[PDB]
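S.K.: Provided herewith is a single structure, encoded as structure tokens, for subsequent inquiry.
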Amino acid sequence: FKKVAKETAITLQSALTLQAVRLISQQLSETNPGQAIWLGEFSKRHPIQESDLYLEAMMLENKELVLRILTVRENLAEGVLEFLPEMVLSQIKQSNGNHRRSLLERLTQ
Amino acid sequence: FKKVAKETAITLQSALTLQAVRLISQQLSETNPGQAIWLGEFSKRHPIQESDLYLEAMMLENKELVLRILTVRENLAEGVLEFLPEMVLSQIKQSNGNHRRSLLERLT
């Protein structure tokens, strides 16, 4: 259970980053929508999956926004990371259960 | 506050499944690679990012494997999920810092 710890954390990071870029997109829609469009199309040219390339990339077009994302992305993180393990594990079990119960019923019938 | 918390948790769920399917694929290559090759061939036609569907699919083609993934993905979860909130907050803080220097440097 070694490299998994790291690789997963990175996914999470990009996750929270996208998740931030998702709020900021909505707020933008209301306030400045010319920006909200830009953000969209820019999020089409650059995979949020690779977050750091993504942010650095933005630095050339919207320094101000890079910054906002950085804070939003950190807040959400605070507000969420702790509640996650007692939640993912739960769902894993519930998902694991339903799969096995349905995989065994399919054999039996 | 939490619609987020949910979606991330779904992502992690997907995430770990993938990570398990990887760890199993590795084992199969060192052993039963005729079927390690099959796993490549399956993972190709189906989106692992929607897990509960990737599995249901494989059910209808190789039951023994679905069952093993579920077993493996849950071991994984137990053995990693705790050191996670601490690892990600840390990394996010370390990145945010690095990105701000870089940005505020690039300004002048």
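Going by the structure tokens order, chains are called A, B, ..., each with residues numbered from 1, while ligands are numbered from 1 in the order shown.
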Within 9 Å of chain B, which residues of chain A show up when using only C-alpha atoms, listed as a PyMOL selection string?
M.R.: chain A and resi 1-2+4-13+15-16+19+52+55-56+59+63+66-67+70-71+73-74+76-89+91-93+95-96+99-100+103
S.K.: Just the residues within 10 Å of residue 39 (chain B), please, counting only C-alpha atoms, with nothing from its chain fewer than 2 positions along; format it as a PDB file with N, CA, C and O atoms, in the first residue's frame.
M.R.:
ATOM      1  N   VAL B  21      -7.152  -2.309  -9.917  1.00  0.00           N
ATOM      2  CA  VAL B  21      -7.040  -2.887 -11.267  1.00  0.00           C
ATOM      3  C   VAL B  21      -5.618  -2.821 -11.834  1.00  0.00           C
ATOM      4  O   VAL B  21      -5.185  -3.731 -12.536  1.00  0.00           O
ATOM      5  N   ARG B  22      -4.905  -1.736 -11.528  1.00  0.00           N
ATOM      6  CA  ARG B  22      -3.478  -1.640 -11.831  1.00  0.00           C
ATOM      7  C   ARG B  22      -2.711  -2.725 -11.063  1.00  0.00           C
ATOM      8  O   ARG B  22      -2.057  -3.566 -11.672  1.00  0.00           O
ATOM      9  N   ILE B  24      -3.519  -5.402  -9.702  1.00  0.00           N
ATOM     10  CA  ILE B  24      -3.902  -6.742 -10.158  1.00  0.00           C
ATOM     11  C   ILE B  24      -3.306  -7.040 -11.548  1.00  0.00           C
ATOM     12  O   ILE B  24      -2.772  -8.133 -11.792  1.00  0.00           O
ATOM     13  N   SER B  25      -3.391  -6.062 -12.450  1.00  0.00           N
ATOM     14  CA  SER B  25      -2.795  -6.177 -13.780  1.00  0.00           C
ATOM     15  C   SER B  25      -1.302  -6.504 -13.691  1.00  0.00           C
ATOM     16  O   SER B  25      -0.819  -7.386 -14.398  1.00  0.00           O
ATOM     17  N   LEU B  28      -0.906 -10.109 -12.794  1.00  0.00           N
ATOM     18  CA  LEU B  28      -1.246 -10.982 -13.921  1.00  0.00           C
ATOM     19  C   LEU B  28      -0.153 -11.056 -14.995  1.00  0.00           C
ATOM     20  O   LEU B  28       0.046 -12.105 -15.605  1.00  0.00           O
ATOM     21  N   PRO B  33      -0.410 -13.793 -18.220  1.00  0.00           N
ATOM     22  CA  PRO B  33      -0.403 -12.580 -19.026  1.00  0.00           C
ATOM     23  C   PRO B  33      -1.344 -12.680 -20.206  1.00  0.00           C
ATOM     24  O   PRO B  33      -1.740 -11.657 -20.759  1.00  0.00           O
ATOM     25  N   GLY B  34      -1.701 -13.900 -20.587  1.00  0.00           N
ATOM     26  CA  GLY B  34      -2.759 -14.095 -21.564  1.00  0.00           C
ATOM     27  C   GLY B  34      -3.962 -13.298 -21.104  1.00  0.00           C
ATOM     28  O   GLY B  34      -4.668 -12.684 -21.911  1.00  0.00           O
ATOM     29  N   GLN B  35      -4.161 -13.277 -19.787  1.00  0.00           N
ATOM     30  CA  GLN B  35      -5.315 -12.611 -19.199  1.00  0.00           C
ATOM     31  C   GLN B  35      -5.020 -11.209 -18.668  1.00  0.00           C
ATOM     32  O   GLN B  35      -5.940 -10.394 -18.514  1.00  0.00           O
ATOM     33  N   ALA B  36      -3.745 -10.935 -18.390  1.00  0.00           N
ATOM     34  CA  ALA B  36      -3.282  -9.563 -18.178  1.00  0.00           C
ATOM     35  C   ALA B  36      -3.516  -8.740 -19.454  1.00  0.00           C
ATOM     36  O   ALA B  36      -3.894  -7.564 -19.386  1.00  0.00           O
ATOM     37  N   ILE B  37      -3.299  -9.375 -20.608  1.00  0.00           N
ATOM     38  CA  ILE B  37      -3.586  -8.777 -21.912  1.00  0.00           C
ATOM     39  C   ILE B  37      -5.083  -8.525 -22.087  1.00  0.00           C
ATOM     40  O   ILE B  37      -5.480  -7.506 -22.656  1.00  0.00           O
ATOM     41  N   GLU B  41      -7.300  -5.154 -22.863  1.00  0.00           N
ATOM     42  CA  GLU B  41      -8.373  -5.226 -23.858  1.00  0.00           C
ATOM     43  C   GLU B  41      -9.761  -4.817 -23.313  1.00  0.00           C
ATOM     44  O   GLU B  41     -10.556  -4.222 -24.049  1.00  0.00           O
ATOM     45  N   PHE B  42     -10.050  -5.115 -22.042  1.00  0.00           N
ATOM     46  CA  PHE B  42     -11.330  -4.702 -21.443  1.00  0.00           C
ATOM     47  C   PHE B  42     -11.308  -3.237 -21.036  1.00  0.00           C
ATOM     48  O   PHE B  42     -12.213  -2.473 -21.391  1.00  0.00           O
ATOM     49  N   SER B  43     -10.278  -2.862 -20.278  1.00  0.00           N
ATOM     50  CA  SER B  43     -10.147  -1.508 -19.749  1.00  0.00           C
ATOM     51  C   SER B  43     -10.233  -0.466 -20.872  1.00  0.00           C
ATOM     52  O   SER B  43     -10.525   0.712 -20.624  1.00  0.00           O
ATOM     53  N   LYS B  44      -9.997  -0.932 -22.104  1.00  0.00           N
ATOM     54  CA  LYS B  44     -10.026  -0.105 -23.314  1.00  0.00           C
ATOM     55  C   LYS B  44     -11.444   0.308 -23.712  1.00  0.00           C
ATOM     56  O   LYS B  44     -11.695   1.475 -24.034  1.00  0.00           O
ATOM     57  N   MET B  58     -17.834  -5.875 -16.448  1.00  0.00           N
ATOM     58  CA  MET B  58     -16.910  -7.009 -16.339  1.00  0.00           C
ATOM     59  C   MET B  58     -17.543  -8.238 -15.695  1.00  0.00           C
ATOM     60  O   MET B  58     -17.102  -9.373 -15.905  1.00  0.00           O
ATOM     61  N   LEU B  65     -12.783 -12.008 -11.588  1.00  0.00           N
ATOM     62  CA  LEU B  65     -11.975 -10.808 -11.472  1.00  0.00           C
ATOM     63  C   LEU B  65     -12.694  -9.673 -10.734  1.00  0.00           C
ATOM     64  O   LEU B  65     -12.144  -9.127  -9.778  1.00  0.00           O
TER      65      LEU B  65
END
S.K.: I need the residues of region 38-70 of chain B that end up classed as alpha helix (DSSP H) by DSSP on the backbone, written out as a PyMOL selection string.
M.R.: chain B and resi 38-45+51-59+63-70
S.K.: Take the residues that were just selected and, keeping N, CA, C and O atoms, output them as a JSON list (two decimals), in the first residue's frame.
M.R.:
[["chain", "number", "residue", "atom", "x", "y", "z"],
["B", 38, "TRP", "N", -5.91, -9.45, -21.59],
["B", 38, "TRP", "CA", -7.36, -9.27, -21.66],
["B", 38, "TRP", "C", -7.79, -8.01, -20.92],
["B", 38, "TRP", "O", -8.67, -7.29, -21.38],
["B", 39, "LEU", "N", -7.17, -7.78, -19.77],
["B", 39, "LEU", "CA", -7.51, -6.65, -18.91],
["B", 39, "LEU", "C", -7.23, -5.32, -19.61],
["B", 39, "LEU", "O", -8.05, -4.40, -19.53],
["B", 40, "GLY", "N", -6.09, -5.23, -20.29],
["B", 40, "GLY", "CA", -5.85, -4.12, -21.21],
["B", 40, "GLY", "C", -7.02, -4.04, -22.19],
["B", 40, "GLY", "O", -7.66, -2.99, -22.31],
["B", 41, "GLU", "N", -7.30, -5.15, -22.86],
["B", 41, "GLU", "CA", -8.37, -5.23, -23.86],
["B", 41, "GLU", "C", -9.76, -4.82, -23.31],
["B", 41, "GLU", "O", -10.56, -4.22, -24.05],
["B", 42, "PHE", "N", -10.05, -5.12, -22.04],
["B", 42, "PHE", "CA", -11.33, -4.70, -21.44],
["B", 42, "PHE", "C", -11.31, -3.24, -21.04],
["B", 42, "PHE", "O", -12.21, -2.47, -21.39],
["B", 43, "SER", "N", -10.28, -2.86, -20.28],
["B", 43, "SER", "CA", -10.15, -1.51, -19.75],
["B", 43, "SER", "C", -10.23, -0.47, -20.87],
["B", 43, "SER", "O", -10.53, 0.71, -20.62],
["B", 44, "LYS", "N", -10.00, -0.93, -22.10],
["B", 44, "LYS", "CA", -10.03, -0.10, -23.31],
["B", 44, "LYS", "C", -11.44, 0.31, -23.71],
["B", 44, "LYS", "O", -11.70, 1.48, -24.03],
["B", 45, "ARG", "N", -12.36, -0.66, -23.68],
["B", 45, "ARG", "CA", -13.74, -0.46, -24.11],
["B", 45, "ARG", "C", -14.61, 0.25, -23.06],
["B", 45, "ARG", "O", -15.71, 0.70, -23.38],
["B", 51, "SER", "N", -17.01, 3.78, -12.08],
["B", 51, "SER", "CA", -16.62, 2.46, -11.55],
["B", 51, "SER", "C", -17.73, 1.43, -11.50],
["B", 51, "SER", "O", -17.62, 0.34, -12.07],
["B", 52, "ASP", "N", -18.81, 1.79, -10.80],
["B", 52, "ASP", "CA", -19.96, 0.94, -10.64],
["B", 52, "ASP", "C", -20.52, 0.44, -11.97],
["B", 52, "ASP", "O", -21.40, -0.41, -12.00],
["B", 53, "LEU", "N", -19.98, 0.96, -13.07],
["B", 53, "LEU", "CA", -20.41, 0.55, -14.40],
["B", 53, "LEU", "C", -19.34, -0.29, -15.05],
["B", 53, "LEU", "O", -19.63, -1.26, -15.74],
["B", 54, "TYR", "N", -18.09, 0.08, -14.80],
["B", 54, "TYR", "CA", -16.93, -0.66, -15.27],
["B", 54, "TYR", "C", -16.99, -2.05, -14.69],
["B", 54, "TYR", "O", -16.67, -3.02, -15.39],
["B", 55, "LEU", "N", -17.37, -2.15, -13.42],
["B", 55, "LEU", "CA", -17.52, -3.44, -12.76],
["B", 55, "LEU", "C", -18.71, -4.22, -13.33],
["B", 55, "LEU", "O", -18.52, -5.28, -13.93],
["B", 56, "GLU", "N", -19.93, -3.69, -13.16],
["B", 56, "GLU", "CA", -21.13, -4.35, -13.68],
["B", 56, "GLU", "C", -20.89, -4.93, -15.05],
["B", 56, "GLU", "O", -21.35, -6.02, -15.34],
["B", 57, "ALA", "N", -20.15, -4.20, -15.88],
["B", 57, "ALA", "CA", -19.79, -4.67, -17.21],
["B", 57, "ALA", "C", -18.98, -5.95, -17.11],
["B", 57, "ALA", "O", -19.42, -6.98, -17.59],
["B", 58, "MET", "N", -17.83, -5.87, -16.45],
["B", 58, "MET", "CA", -16.91, -7.01, -16.34],
["B", 58, "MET", "C", -17.54, -8.24, -15.70],
["B", 58, "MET", "O", -17.10, -9.37, -15.91],
["B", 59, "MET", "N", -18.57, -7.99, -14.90],
["B", 59, "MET", "CA", -19.35, -9.05, -14.29],
["B", 59, "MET", "C", -19.78, -9.99, -15.41],
["B", 59, "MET", "O", -19.46, -11.18, -15.38],
["B", 63, "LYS", "N", -16.40, -13.04, -13.93],
["B", 63, "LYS", "CA", -16.87, -12.82, -12.56],
["B", 63, "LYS", "C", -15.73, -12.87, -11.56],
["B", 63, "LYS", "O", -15.64, -12.01, -10.68],
["B", 64, "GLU", "N", -14.85, -13.85, -11.70],
["B", 64, "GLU", "CA", -13.77, -14.06, -10.75],
["B", 64, "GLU", "C", -12.92, -12.82, -10.55],
["B", 64, "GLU", "O", -12.40, -12.58, -9.45],
["B", 65, "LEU", "N", -12.78, -12.01, -11.59],
["B", 65, "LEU", "CA", -11.98, -10.81, -11.47],
["B", 65, "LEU", "C", -12.69, -9.67, -10.73],
["B", 65, "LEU", "O", -12.14, -9.13, -9.78],
["B", 66, "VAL", "N", -13.92, -9.34, -11.15],
["B", 66, "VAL", "CA", -14.73, -8.36, -10.42],
["B", 66, "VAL", "C", -14.57, -8.59, -8.92],
["B", 66, "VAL", "O", -14.22, -7.68, -8.17],
["B", 67, "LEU", "N", -14.79, -9.83, -8.51],
["B", 67, "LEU", "CA", -14.72, -10.18, -7.11],
["B", 67, "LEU", "C", -13.37, -9.88, -6.50],
["B", 67, "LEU", "O", -13.29, -9.50, -5.34],
["B", 68, "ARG", "N", -12.30, -10.07, -7.26],
["B", 68, "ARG", "CA", -10.99, -9.86, -6.69],
["B", 68, "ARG", "C", -10.69, -8.36, -6.54],
["B", 68, "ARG", "O", -10.17, -7.93, -5.51],
["B", 69, "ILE", "N", -11.06, -7.57, -7.55],
["B", 69, "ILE", "CA", -10.92, -6.10, -7.50],
["B", 69, "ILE", "C", -11.58, -5.54, -6.24],
["B", 69, "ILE", "O", -10.90, -4.92, -5.42],
["B", 70, "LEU", "N", -12.88, -5.78, -6.07],
["B", 70, "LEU", "CA", -13.62, -5.35, -4.89],
["B", 70, "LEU", "C", -12.86, -5.67, -3.61],
["B", 70, "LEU", "O", -12.82, -4.86, -2.70]]
S.K.: One decimal, in Å: what's the spacing between CA of residue 22 (chain A) and CA of residue 54 (chain A)?
M.R.: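 Calculated distance between CA of residue 22 (chain A) and CA of residue 54 (chain A) is 14.1 Å.
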S.K.: Work out how far CA of residue 105 (chain A) is from CA of residue 48 (chain B), in Å to one decimal.
M.R.: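 We find that CA of residue 48 (chain B) and CA of residue 105 (chain A) lie 23.7 Å from each other.
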S.K.: So which one's closest to residue 18 (chain A), A:43, A:48, A:38, A:3? Using only C-alpha atoms, please.
M.R.: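 Under the stated criterion, the closest residue is A:48.
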